[PDB]
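Notes for the structure review
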Amino acid sequence: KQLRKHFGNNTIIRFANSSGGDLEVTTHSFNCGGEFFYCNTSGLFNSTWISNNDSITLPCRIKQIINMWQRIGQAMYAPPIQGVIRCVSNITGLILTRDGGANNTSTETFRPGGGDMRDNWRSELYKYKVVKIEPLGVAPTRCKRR
Amino acid sequence: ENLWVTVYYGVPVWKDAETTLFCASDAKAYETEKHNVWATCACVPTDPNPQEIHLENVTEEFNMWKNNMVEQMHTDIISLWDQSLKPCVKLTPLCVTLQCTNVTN
Amino acid sequence: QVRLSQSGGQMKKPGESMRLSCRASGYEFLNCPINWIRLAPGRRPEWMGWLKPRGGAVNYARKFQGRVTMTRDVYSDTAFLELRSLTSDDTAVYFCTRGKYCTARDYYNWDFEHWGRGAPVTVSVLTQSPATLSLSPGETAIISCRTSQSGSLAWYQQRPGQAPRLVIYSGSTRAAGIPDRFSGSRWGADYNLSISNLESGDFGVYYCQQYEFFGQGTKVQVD
Amino acid sequence: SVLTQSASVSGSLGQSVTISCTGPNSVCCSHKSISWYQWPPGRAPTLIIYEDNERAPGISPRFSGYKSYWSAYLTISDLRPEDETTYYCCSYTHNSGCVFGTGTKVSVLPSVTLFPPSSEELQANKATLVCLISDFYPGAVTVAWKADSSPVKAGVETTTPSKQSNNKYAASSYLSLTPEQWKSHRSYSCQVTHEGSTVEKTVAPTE
Amino acid sequence: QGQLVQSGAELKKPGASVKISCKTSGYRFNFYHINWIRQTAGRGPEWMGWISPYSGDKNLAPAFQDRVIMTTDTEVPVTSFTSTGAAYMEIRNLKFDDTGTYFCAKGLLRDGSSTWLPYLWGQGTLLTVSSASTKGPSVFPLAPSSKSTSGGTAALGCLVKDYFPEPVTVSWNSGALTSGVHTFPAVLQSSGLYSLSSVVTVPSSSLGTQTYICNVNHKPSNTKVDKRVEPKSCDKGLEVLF
Amino acid sequence: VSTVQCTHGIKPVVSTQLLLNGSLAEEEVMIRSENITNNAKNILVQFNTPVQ
Amino acid sequence: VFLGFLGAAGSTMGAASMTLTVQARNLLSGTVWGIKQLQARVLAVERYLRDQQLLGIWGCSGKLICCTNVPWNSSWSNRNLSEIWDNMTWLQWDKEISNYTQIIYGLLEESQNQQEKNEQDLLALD
Amino acid sequence: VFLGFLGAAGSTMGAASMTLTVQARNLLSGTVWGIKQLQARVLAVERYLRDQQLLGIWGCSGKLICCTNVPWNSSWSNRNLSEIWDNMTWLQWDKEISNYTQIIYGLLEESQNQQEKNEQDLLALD
Ligand SMILES: *[C@@H]1O[C@H](CO)[C@@H](O[C@@H]2O[C@H](CO)[C@@H](O[C@@H]3O[C@H](CO[C@H]4O[C@H](CO[C@H]5O[C@H](CO)[C@@H](O)[C@H](O)[C@@H]5O)[C@@H](O)[C@H](O[C@H]5O[C@H](CO)[C@@H](O)[C@H](O)[C@@H]5O)[C@@H]4O)[C@@H](O)[C@H](O[C@H]4O[C@H](CO)[C@@H](O)[C@H](O)[C@@H]4O)[C@@H]3O)[C@H](O)[C@H]2NC(C)=O)[C@H](O)[C@H]1NC(C)=O
Ligand SMILES: *[C@@H]1O[C@H](CO)[C@@H](O[C@@H]2O[C@H](CO)[C@@H](O[C@@H]3O[C@H](CO[C@H]4O[C@H](CO)[C@@H](O)[C@H](O)[C@@H]4O)[C@@H](O)[C@H](O[C@H]4O[C@H](CO)[C@@H](O)[C@H](O)[C@@H]4O[C@H]4O[C@H](CO)[C@@H](O)[C@H](O)[C@@H]4O)[C@@H]3O)[C@H](O)[C@H]2NC(C)=O)[C@H](O)[C@H]1NC(C)=O
Ligand SMILES: *[C@@H]1O[C@H](CO)[C@@H](O[C@@H]2O[C@H](CO)[C@@H](O[C@@H]3O[C@H](CO[C@H]4O[C@H](CO)[C@@H](O)[C@H](O)[C@@H]4O)[C@@H](O)[C@H](O[C@H]4O[C@H](CO)[C@@H](O)[C@H](O)[C@@H]4O)[C@@H]3O)[C@H](O)[C@H]2NC(C)=O)[C@H](O)[C@H]1NC(C)=O
Ligand SMILES: *[C@@H]1O[C@H](CO)[C@@H](O[C@@H]2O[C@H](CO)[C@@H](O[C@@H]3O[C@H](CO[C@H]4O[C@H](CO)[C@@H](O)[C@H](O)[C@@H]4O)[C@@H](O)[C@H](O[C@H]4O[C@H](CO)[C@@H](O)[C@H](O)[C@@H]4O)[C@@H]3O)[C@H](O)[C@H]2NC(C)=O)[C@H](O)[C@H]1NC(C)=O
Ligand SMILES: *[C@@H]1O[C@H](CO)[C@@H](O[C@@H]2O[C@H](CO)[C@@H](O[C@@H]3O[C@H](CO[C@H]4O[C@H](CO)[C@@H](O)[C@H](O)[C@@H]4O)[C@@H](O)[C@H](O)[C@@H]3O)[C@H](O)[C@H]2NC(C)=O)[C@H](O)[C@H]1NC(C)=O
Ligand SMILES: *[C@@H]1O[C@H](CO)[C@@H](O)[C@H](O)[C@H]1NC(C)=O
Ligand SMILES: *[C@@H]1O[C@H](CO)[C@@H](O)[C@H](O)[C@H]1NC(C)=O
Ligand SMILES: *[C@@H]1O[C@H](CO)[C@@H](O)[C@H](O)[C@H]1NC(C)=O
Ligand SMILES: *[C@@H]1O[C@H](CO)[C@@H](O)[C@H](O)[C@H]1NC(C)=O
Ligand SMILES: *[C@@H]1O[C@H](CO)[C@@H](O)[C@H](O)[C@H]1NC(C)=O
Ligand SMILES: *[C@@H]1O[C@H](CO)[C@@H](O)[C@H](O)[C@H]1NC(C)=O
Ligand SMILES: *[C@@H]1O[C@H](CO)[C@@H](O)[C@H](O)[C@H]1NC(C)=O
Ligand SMILES: *[C@@H]1O[C@H](CO)[C@@H](O)[C@H](O)[C@H]1NC(C)=O
Ligand SMILES: *[C@@H]1O[C@H](CO)[C@@H](O)[C@H](O)[C@H]1NC(C)=O
Ligand SMILES: *[C@@H]1O[C@H](CO)[C@@H](O)[C@H](O)[C@H]1NC(C)=O
Ligand SMILES: *[C@@H]1O[C@H](CO)[C@@H](O)[C@H](O)[C@H]1NC(C)=O
């Protein structure tokens, strides 16, 4: 309903999953309990919205040798973690990408994206900015000495 | 009638710039210890009673896409990851041939 | 210097698939995305997609989803593309492009300052005017392009048998090596490119561009 | 109004003129502020003087104010041709509002075209003669109509002289006639008298 | 150093109410008061009252103390020092002596002894309170006439006859031809209807090189007339040039 | 606009596609993009109600 | 009333002239990653002594406010006394005067205390 | 005439007393290898505030020149008024007075503004 405020009131918004690439981009990559999960987000972005009771389980893979931030030279081996790992988190936002070369057609398709980890910081630093203070200000008035 | 310049020191005048930001992470997080978890080692404890002064009549332009705090935080976390992995065990003699098989199932 | 080295052209049959490579050099491959654009003679240039070598992220045009596959080799800095189910409509010269602004901080993809030599593959809005322009050396050519969306507009020049070269970006800013004779102007939705004191090198075909969309082209020939 | 100004005041070019603005003690002027405004009829006014003697931003130093204990004054040095208009004063304070005065009309010391009734009007059917006067000074002209060299006293109406943008005046007179009188007279005229000189324009329905 | 634009002129019958807007732009809307001053042809200039958009305090004149409501919208920031805002006013119990021009004015300063003083003014909104009903204008084309035979100039125009009430806006070619346009004030006939005339002085050599379309707009009757002034004149003193 | 010396507690949660453990939006969910007409710029979506 | 640090930022210059002692107070405030704050508070004190040096070589020394013998050139945005202190903020004023700040600084450090103090040296010997 | 920084080094003390505002102006001037200048400009400002502290605790505060109520001891190279300002350079003078600089400094910081200001506190209460 907020997407229709920018791509036309009476349009079709279709959700599709990632187009392809590395595992860190096509899957929901994250850390939980020390382990690095890569979950299948094809059951969340598989929909088609026109102008007008259980849980969705997603298959998650686990990788120990990672190279996050697209860094070459340093590969980190995540040590195994004893015990069943359970974690409860909040999905508080998305990083979407729109398909191009449309011209024809009134529908718009959105797919999960990411890669650049700076976007993860931009989602919290949008309401802050740094300024420098220059306390020296000259101004005219009817004051002097003799 | 003729005006004269006068220097004022302490005027609310700021300009957009970039500087070196430091950290802050409460006081209970430092009690988490466990041989310095993540970053909090020599980080300044957060002020117990922070102050937020609402600048009345003030309209300031922000730009989340041209903000330097993001780049600084990114490079900070990268350097954090390197400093956190410098004194750890290096698995140099681990690229040996692996005679692997299926798991017992 | 930034250099995009493309593999040669080829002749395919209908139904087959094609694969092209483009090795980038002179800059950090991970900094900014590489784009793939096809140019068919007398046809509006079509942007196929972009790929961010960082993570291998991709974005495909609607028309090509399910047919095109873009990958990369970060070690050899080489971008790969594959196109399946080729039909006569796919005959065109395929280019790999890189934008002008590309630093570590950020970038701007759509100011295509760097182009590969192109690969001719044969298988067997923006309103730009006029269609053609016959002028003498010394005169001034005024090409117009009407938009509806607004945003950093670019002008490109293609010489007969050469890869297009970025001429103007942001509607009014000249690129490197562009003399004062080329100038850009804007009024409302209208954009004008003015080339004063025409000379042999200037003749060719010119394109206006707004993000991934291009104009129909204006052929400027010698009279 | 309770604030009384001067009815009319005059001044020559390159000289000065003083405008009075007085009234009862309840509005002027002890413990009261006085302002002045240049308000051309039909146009937007312009603030000239605020707080007795202070000039508004961008006002030429040719204007000056002065307040006594019972009335306030406005001196306009070096008179200009575009200063011949109405100037209002205002008695106000920091809390209460404005109480404007009666007004002061400051006095600083032709192309005629007659149109016959159109063909669309002859099928209505009516007939209206339009006598347009423009680029004449000072604004004081008289309009007389004639039906075939004979005075007309019915259906004669003339507008008031209005100042144009080129520091000149314009006006317009109209004569309401019947379709019979338009086809029974050889010609109709529009005499305009100004400073003794009488100009005259004549149209003829016969041709 | 901003701009105040008011709503169009409306016609209201006595007993009803009317709400006149005043949109501002180019400065901080909350830093200055909004005074409302009217002007009739029987009572002269009269200050009605002012209202401060930041807090909402109002100060109405005792004459308009029991029939005028002033309202203001929130400020819409544009830059750090300029913005766009809108102020309204609703005057009820309209009478015959309320016919005149109503202006909205921006204050002079923020602090001092003359903060609310009307400094920047608008263009004004004419308000007519009458029972006599709305009558549409009758546009008649004015045939070009000879202004200078040796000069080769002429003058053509349009005639707005019998309309009520004021005003009527006349433009040429949708506002393309503005030089030489002289619009004369209307005349108050004995019936009570107004009628003005517009005439533009144009060279005689321009015939099939420029289209003359006078655009007469009468918003109170919601009617627009686009007349094609015929370039072929009938003046014998001008036909010699053709 | 208000001024502060130190920002609120921002947890450096490194994740892709799904923003985890973030700040909830106010009223309606927020949509942020540097260039909406540009399909190459990512679209950051911020939620009002967290999804468990 | 105490709006705090940078309190009267949106107020007029005349109103903001009352909060001078507030922005002046919080202007100084009393292995890697620890040098991050060191180099910053060093640039902080260098910026402070830079402004104090400019404030000293001029006809001020005494902080907060000081008068000078320099005629205000009308070309430096010819505004009125009541149009500056009661109709303009310090940010808006500095945005206009940014072109002439260095010129005034030159007319303050050189033309004044270099000719005034030498004049006093001539007036104090007799 | 402006000889520049350290200009009147070979001139008499009386002549070099005219160039006081020149050596005072250029006295403050506004990964490894980059800390080389940091630690140097930090010692530079510590040397500046050191001299400013000595100049402040004495009966001067106002820089350049100041007079004092200290009798010139004949043992500190008993020279004449015309034999110092018109026959000796500052380097040659400091070479002789190097023994008594610390003694005079002690007679300036302690004997003066500690007994003089308290005297003023006794003179300002009535
Ligand atoms: C976040 O949300 C906020 C809302 O809170 C939002 O801010 C508004 O964003 C919207 C977009 O959705 C804006 O509306 C658009 O404004 C665009 C920019 O307008 C500037 O440029 C106009 C053109 O300037 C060039 O041309 C003139 C003439 O040739 C030239 O002189 C100048 O030199 C310049 O080169 C400019 O005229 C315009 O100025 C008018 O408008 C401002 C108000 O916006 C007004 O105050 C001025 O007085 C002046 O009248 C403005 O300065 C714009 O291009 C666009 O108009 C085009 O598109 C519409 C169709 O969509 C077209 O009909 C139109 O013909 C143009 O082609 C539209 O008006 C608005 O400007 C933003 N508000 C502010 C304060 O910036 C953000 O966008 C949101 N962000 C995100 C990420 O979502
Ligand atoms: C978004 O934010 C949420 C909110 O915090 C966060 O959820 C957190 O998830 C993590 C898992 O990734 C949690 O941290 C772990 O929790 C488990 C289970 O907690 C139980 O134990 C405590 C004990 O009092 C109970 O109170 C609690 O209610 C549960 O019953 C802990 O067992 C974990 O402890 C070990 O792991 C840490 C990191 O590995 C060690 O630092 C810690 O010292 C512990 O290590 C020791 O114990 C191990 C036990 O077997 C042992 O094997 C080890 O060798 C070692 O000796 C750990 O604390 C956390 O509980 C969740 N938060 C909440 C509020 O519950 C999300 O993770 C976050 N999202 C992202 C992406 O980060
Ligand atoms: C991953 O793969 C590795 C191999 O690379 C595994 O480690 C081996 O696992 C096997 C189990 O399949 C182990 O085999 C077991 O060894 C036990 C050791 O017993 C010792 O002592 C007895 C005397 O008490 C000797 O006879 C014997 O030879 C040993 O020296 C045996 O006791 C086990 O026998 C039991 O189980 C078998 C199962 O069929 C029964 O038939 C027997 O009767 C008896 O009950 C068994 O032989 C082997 O020792 C492990 N090697 C090492 C080096 O650890 C992992 O199992 C495998 N993991 C997965 C998940 O696949
Ligand atoms: C944010 O920006 C706004 C401007 O948009 C500022 O507000 C204006 O501040 C000025 C003064 O600086 C105002 O002018 C004064 O209006 C007062 C209105 O008085 C009534 O309301 C107050 C508050 O409810 C009551 O307590 C009082 O009892 C009255 O009922 C007047 O009393 C004033 O007249 C007096 O002061 C002036 C000097 O200003 C003297 O010259 C007069 O002689 C008289 O003594 C004056 O008219 C204005 O009212 C304010 N705006 C609004 C909407 O009220 C803010 O100051 C600014 N933010 C900050 C932090 O400064
Ligand atoms: C060292 O580790 C590297 C990981 O960083 C390994 O690199 C990857 O290796 C895989 C194969 O397991 C490649 O994926 C294949 O690529 C081929 C490309 O085919 C074309 O090129 C070959 C070689 O020139 C040519 O023979 C063919 O005819 C083609 O012209 C695809 O066809 C396959 O389907 C598959 O996708 C990765 O591309 C490669 N990536 C990188 C970044 O190197 C590397 O294999 C490891 N070393 C060894 C010896 O295994
Ligand atoms: C998207 O889901 C489809 C299932 O229809 C699956 O085949 C495909 O691999 C998925 N792609 C990505 C990038 O997750
Ligand atoms: C994700 O799930 C879909 C649907 O089950 C499946 O088709 C696809 O192959 C999965 N992707 C991966 C990478 O396993
Ligand atoms: C997506 O949803 C549709 C409709 O329920 C279903 O037919 C299709 O199989 C789904 N795709 C995947 C990969 O599950
Ligand atoms: C996450 O959402 C749950 C569900 O409402 C809430 O209880 C919890 O406080 C949230 N965590 C946050 C906001 O950090
Ligand atoms: C994209 O963002 C830039 C930067 O603000 C802006 O100049 C441009 O107008 C935007 N494009 C569109 C189409 O809004
Ligand atoms: C004052 O400004 C004017 C105009 O810029 C200039 O001619 C004059 O030299 C200036 N004088 C001083 C003393 O700055
Ligand atoms: C006020 O402004 C005018 C016009 O620039 C100028 O003549 C006058 O000197 C100014 N007065 C003050 C007090 O600034
Ligand atoms: C600053 O100076 C430049 C160059 O003379 C000029 O373009 C600009 O208008 C000036 N701005 C101000 C605020 O004085
Ligand atoms: C003066 O010098 C003499 C001899 O060097 C010494 O006795 C005396 O203490 C000195 N005076 C002071 C005040 O130190
Ligand atoms: C001059 O020098 C002599 C010899 O040292 C000494 O006796 C005398 O006090 C000095 N006089 C002055 C005025 O310095
Ligand atoms: C410095 O003091 C020493 C020790 O008394 C002495 O030998 C020397 O002559 C003195 N020098 C001067 C220049 O007074």
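Scoring rules and cut-offs
Residues numbered from 1 in each chain as written, not as in the entry; some residues may be left out. Chains lettered and ligands numbered in written order. Part of a larger assembly, values for the part shown. Heavy atoms only, no water. Residues with missing side-chain atoms left out of burial classes, pairs and counts. Helix = DSSP H or I, 4+ residues; strand = E, 2+ residues; numbered from the N terminus. Rg over C-alpha atoms; globule rule 2.2 N^0.38 Å. Buried < 20%, exposed > 50% of the residue type's maximum accessible area, 1.4 Å probe, protein only. Contact = heavy atoms within 4.5 Å. Areas by Shrake-Rupley, 256 points an atom, 1.4 Å probe, with all protein chains shown as cover. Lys, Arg positive; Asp, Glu negative; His and termini not counted. Charge placed at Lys NZ, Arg CZ, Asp CG, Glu CD. Buried area = accessible area lost by both parts, 1.4 Å probe. Salt bridge = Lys/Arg side-chain N within 4 Å of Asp/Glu carboxyl O. Polar contact = N/O pair within 3.5 Å; in protein donor to acceptor, adjacent residues only side chain to side chain. Nonpolar A, V, L, I, M, F, W, Y, C, P; charged D, E, K, R; others polar. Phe/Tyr/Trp six-rings, centres within 6.5 Å; stacked < 30°, edge-to-face > 60°. Core = buried A, V, L, I, M, F, W, Y, C linked by side-chain atoms within 4.5 Å. Pairing = 2+ DSSP bridges.

Listed as the method for this PDB entry is X-ray crystallography; the listed resolution is 7.000 Å.

Secondary structure assignment for chain E yields one helix and 19 strands. Against the 2.2 N^0.38 benchmark of 18 Å for 242 residues, chain E shows a C-alpha radius of gyration of 23 Å, more extended than a compact globule. If you line up chain E on its principal axes, its C-alpha atoms span 70 × 45 × 25 Å. Here chain E holds 242 residues, and 47% of them are scored as buried. Nonlocal contacts in chain E, meaning residues at least 24 apart in sequence, comprise 61% of its contacts between residues at least 6 apart. In the structure as shown, chain E presents an accessible area of about 11,000 Å², 52% of it carried by carbon and sulfur atoms. Separation of charge centres in chain E, based on 22 positive and 16 negative side chains, amounts to 3 Å.

At the interface, 34 residues of chain B touch 31 residues of chain A. Carbon and sulfur atoms supply 69% of the area buried between chain B and chain A, which totals about 3,400 Å² over both sides. Of all residues in chain B, the largest losses of buried area upon contact with chain A belong to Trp4, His74 and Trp81 of chain B, amounting jointly to 18% of the total for that side. At the surface where chain B touches chain A, the tally comes to six salt bridges. In this structure, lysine 129 of chain A and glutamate 60 of chain B form a salt bridge, with 3.1 Å as the shortest nitrogen-oxygen distance. Where chain B meets chain A, there are 15 residue pairs in polar contact. For the side of chain B that touches chain A, the elements supplying multiple residues, two or more each, are β1 (4–9), β2 (14–16) and α1 (68–85) of chain B. It is α1 of chain B that contributes the most residues to the side of chain B that touches chain A, ten residues altogether. Looking at the side of chain B that touches chain A, its residues break down into 22 nonpolar, five polar and seven charged.

Here we take up the arrangement of the chains. For the 14 pairs of chains in contact, the largest share of contacts goes to chains A and F. At the level of C-alpha atoms, the two units chain E and chain H stay apart, their nearest approach being 32 Å.

Per the counting criterion, the structure on display carries 37 aromatic pairs over all chains. Relative to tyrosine 73 of chain D, the ring of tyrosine 66 of chain D has its centre 6.0 Å away and its plane inclined at 25°; by these criteria the two rings are stacked. Judged by its relative accessible area of 53%, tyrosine 66 of chain D is exposed. Among the aromatic residues, those joined into a ring-pair cluster are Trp47, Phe95, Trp110, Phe112, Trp115, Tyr156 and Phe214 of chain C.

Take the nonpolar core next. The biggest cluster of nonpolar side chains holds 72 residues, and the ones touching the most others in it are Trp36, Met48, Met70 and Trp155 of chain C. Ignoring sequence-local partners within four residues, the contact set of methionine 70 of chain C consists of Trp36, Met48, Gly49, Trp50, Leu51, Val58, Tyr60, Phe80 and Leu81 of chain C. Residues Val27 and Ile49 of chain D together with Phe103 and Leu108 of chain E belong to the second largest nonpolar core, which totals 67 residues.

What follows is about the interface of chain F and chain A. Opposite the 35 residues of chain F that make contact, chain A presents 45 residues. Together, the buried faces of chain F and chain A total about 3,800 Å²; carbon and sulfur atoms form 59% of this surface. At the boundary of chain F and chain A, one finds zero salt bridges. Remark: the boundary between chain F and chain A carries 24 residue pairs in polar contact. Of all the secondary structure elements, the ones that give two or more residues to the side of chain F that touches chain A are β2 (18–20), β3 (30–32) and β4 (43–51) of chain F. Ranked by residues supplied to the side of chain F that touches chain A, first place goes to β4 of chain F with eight residues.

This part is about the pairing of strand β5 (residues 46–52) of chain C. Residue and element names in this part refer to chain C. Most of β5 is tucked away, with seven of its seven residues classed as buried. Direction of pairing for strand β4 (residues 34–39) relative to β5: antiparallel, over a ladder of five bridges. Bridge pairing links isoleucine 37 to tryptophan 47 in β5. Taking the residues between adjacent antiparallel strands as the criterion, β4 and β5 are bridged by six residues, where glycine 42 takes a positive phi near 60°. Judged from the four bridges that link them, β5 and strand β6 (residues 57–60) form a sheet pairing that is antiparallel. Within the sheet, the bridge partner assigned to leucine 51 lies in β6 and is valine 58. What sits between β5 and β6 in their antiparallel hairpin is a turn of four residues, with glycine 55 showing a positive phi close to 85°.

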